[PDB]
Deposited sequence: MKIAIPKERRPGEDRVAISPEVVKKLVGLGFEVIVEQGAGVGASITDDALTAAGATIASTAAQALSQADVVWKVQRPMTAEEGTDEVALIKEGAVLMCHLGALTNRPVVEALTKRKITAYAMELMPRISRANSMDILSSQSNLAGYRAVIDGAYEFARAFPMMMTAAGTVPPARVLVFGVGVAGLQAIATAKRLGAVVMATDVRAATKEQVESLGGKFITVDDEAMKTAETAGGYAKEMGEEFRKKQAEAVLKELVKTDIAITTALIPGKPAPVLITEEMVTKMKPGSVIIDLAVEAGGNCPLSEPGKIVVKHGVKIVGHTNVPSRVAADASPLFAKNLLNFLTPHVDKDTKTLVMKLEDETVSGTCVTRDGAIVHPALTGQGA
């Protein structure tokens, strides 16, 4: 059995579905491991370091994938309709594991279905204790939380910590975190490390205890809530939003668009030089002024909406994505046979499998 990992071709993608550590466990698992030349460049993973773990290097994308019984990609493969046709390079009847984005990308599902390829969309991992080590939304969003604060502090023209000085006191930044999920908790941690005062809020009551244990103070006021709650929330939020220096929005709802938490009129009330980091921008934004891939400036407030934020920490994000994949795949290699058999009753397998052998 061969497993292959290409370079990521989509604009801005510096992540890679591989690391030296993972190559080693895969060689010991029974695979030969091929990796495209320079596929690890953006994650600071070199070819020589992949070789010493025991993989081979292929000169091109086509050569990596051509005899591969299983392919590992970070993002979904492009189609002819997008430019280069990657689906076409994957061998007939191979298996494909990646962030396929399958529910909102039907042309990629039908392109693979035609080449007999079996695809497992990591992002549809069922949310259960034992699948936490396989979860890619979690590993990647956690890193996005850290980066949200690093991107805030860079765009911000004041410093984060309090400092009593001979020339006066630089007060501490005040940070406010809509949504306290994986990325929510990491932005609070990191903002606290830099010496800010950190407010947070959520529709989930269990999250209050988590905020208080990290050193944040919770704002008393996941499914669609309604318009009546959004008003109680905006009013309760307003006192703190008005003294807030950075504001990180992270809120998502399965299926539906991202909840508006900071409207136009609210930003109108924030201090000049304030910053909003919208991690939910690729889903419509928690702030409607945000636009994917750019920094809007409006009312003296900088609304930042980078895309694929995990790829802005690609050297940490890569080795953790590749372990998500190794954890998903390891339970289904039987002891000494060089074959892949996914149990099917295993809900890890069923909830993530989109197409297999010709049919959906």
| item | value |
| --- | --- |
| Sequence ranges without modelled C-alpha atoms (deposited numbering) | 222 to 235, 375 to 384 |
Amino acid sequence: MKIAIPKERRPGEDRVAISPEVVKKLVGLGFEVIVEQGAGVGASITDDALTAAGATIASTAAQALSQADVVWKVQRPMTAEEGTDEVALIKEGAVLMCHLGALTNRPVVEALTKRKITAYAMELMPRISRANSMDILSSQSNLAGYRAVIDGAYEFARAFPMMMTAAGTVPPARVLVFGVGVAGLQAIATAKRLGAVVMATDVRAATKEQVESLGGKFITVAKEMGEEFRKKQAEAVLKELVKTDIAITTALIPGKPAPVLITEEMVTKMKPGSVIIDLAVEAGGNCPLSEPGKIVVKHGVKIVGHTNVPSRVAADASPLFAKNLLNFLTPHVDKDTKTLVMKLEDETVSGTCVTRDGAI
From here on, numbers count along this sequence of modelled residues.
property	result
Residue range whose averaged C-alpha B-factor is higher in the record, 183 to 191 or 271 to 279	271 to 279
Between 238 to 246 and 148 to 156 (mean CA B-factor, as deposited), the higher	238 to 246
Residue of maximum C-alpha B factor among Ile34, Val333, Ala49, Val70, per deposited coordinates	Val333
Criterion, highest CA B-factor; candidates, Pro77, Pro172, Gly226, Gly101	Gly226
Within-chain third of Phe178 by Cα B-factor, per the entry	middle
Ranked C-alpha temperature factor of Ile295 among modelled chain residues, by third	highest
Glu209 - which third its CA temperature factor falls in, relative to the rest of the chain	highest
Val108 CA temperature factor, ranked by third within the chain	middle
Relative C-alpha B-factor of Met1, binned into the chain's lowest, middle or highest third	middle
